[PDB]
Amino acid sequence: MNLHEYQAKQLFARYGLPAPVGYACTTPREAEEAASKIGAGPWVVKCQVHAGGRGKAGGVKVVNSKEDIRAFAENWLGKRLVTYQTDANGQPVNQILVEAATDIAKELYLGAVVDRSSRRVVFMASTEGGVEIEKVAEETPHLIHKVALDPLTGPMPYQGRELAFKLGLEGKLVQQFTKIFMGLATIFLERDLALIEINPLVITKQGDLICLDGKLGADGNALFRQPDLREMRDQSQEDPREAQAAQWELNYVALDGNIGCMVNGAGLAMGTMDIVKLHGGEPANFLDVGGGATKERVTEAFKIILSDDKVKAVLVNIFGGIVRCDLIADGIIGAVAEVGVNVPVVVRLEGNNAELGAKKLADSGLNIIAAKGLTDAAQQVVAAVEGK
């Protein structure tokens, strides 16, 4: 799950990490109130959205006067920000961060993730502050220093020193940094996160280290044991559908094409989409039927996929199943009517009762097509759609 900058900062603080003084506002009035809670201008005002590229977007700005603030807020709350990491209609701004401006000597870069390959959490740093590492690494790969937490001992100071030096810090700075790494190294573990990103980690003119920014991700799987986090979720930031899906053990992801897919299993789902584009199709979504393909379940799928008026056809593809092929068929039919699907449907059943099912399908009279084989259905759909 992602968190908000603000929530991140808040935690850092809870932990003792250094961050700007700031206040998350919800109304221009609160926003404009923070300034003098913060003191002497000028101040920083950032939109709290879950995406990056916030800056380039125009949602981050240094300001000189109370009013100037009013304005920004005025200008953004309610609207939807769109960064390069955003969708198309972007995300919604509902809060705004108001913090103290910082005296920037250097920009570093701190971060952590789980290294699949090495099966470790690794923290990594680099001197290249205020730039996306994917880049950095992509090309100055030697500018990144890394360290891996040992599971046996926790994280230790030497490791922090280590990088600190690797970074060429000195004095208290070194002491400081250690502190932080230790700091985050813990939270990481304490709150089951998946990822951290302080970019830029900054060095102030006054010569101190401070997290200018924060970006976290938590492990969805542990929420059940991170109630604080739990509460912090911002559904406002993701595709609602995705949420609906879950509410029905479904795994939805919206795409770009015109062809609806509904499949039984993530593997399949992808493979299925893939095969289709293969046959010139344009998958318009990923759907993974997690529950038992019961009626309501299939029906619910239907709604969902169909939420996107772009889709011109649907491809169902069922293979294993705790449900009898014939059984499902029924519902699908059912489904088709209950909802009212005015779009062709290709169906690829398999497993039990398979023939009976396809038949029922066919005898149905509706615009359903029992597909012969996988690749057949493929064609068929691409087919129907291309018809136009």
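When you see a residue number, it is the position in the sequence shown, counting from 1. Superpose the two forms; the largest set of C-alphas matching within 1.5 Å is the rigid core.
Between stretches 288 to 296 and 179 to 187, greater average Cα displacement in 6 other deposited structures of this protein relative to the shown form, fitted by the core, falls on 288 to 296. Core-fitted comparison in 6 other deposited structures of this protein shows that, between 13 to 21 and 361 to 369, the CA atoms farther from the shown form belong to 361 to 369. Relative to its counterpart among 209 to 217 and 108 to 116, 209 to 217 has the higher mean temperature factor, C-alpha atoms as listed in the PDB entry.
When the C-alpha B-factors of 58 to 66 and 350 to 358 are averaged, 350 to 358 comes out higher.
In this structure the maximum Cα B-factor among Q235, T299, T153, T272 is found at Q235. Of the residues listed, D288, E231, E134, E74, the entry assigns the biggest Cα temperature factor to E134. Per-chain ranking of the deposited C-alpha B factor places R29 in the lowest third.
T102 sits in the middle third of its chain by CA B factor, as recorded in the PDB entry.
Among all modelled residues in this chain, the alpha-carbon of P227 has a temperature factor (C-alpha) in the lowest third. Among the modelled residues of the chain, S307 sits in the highest third by CA temperature factor in this PDB entry.
In the PDB entry, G129 places in the highest third of its chain by CA B-factor.
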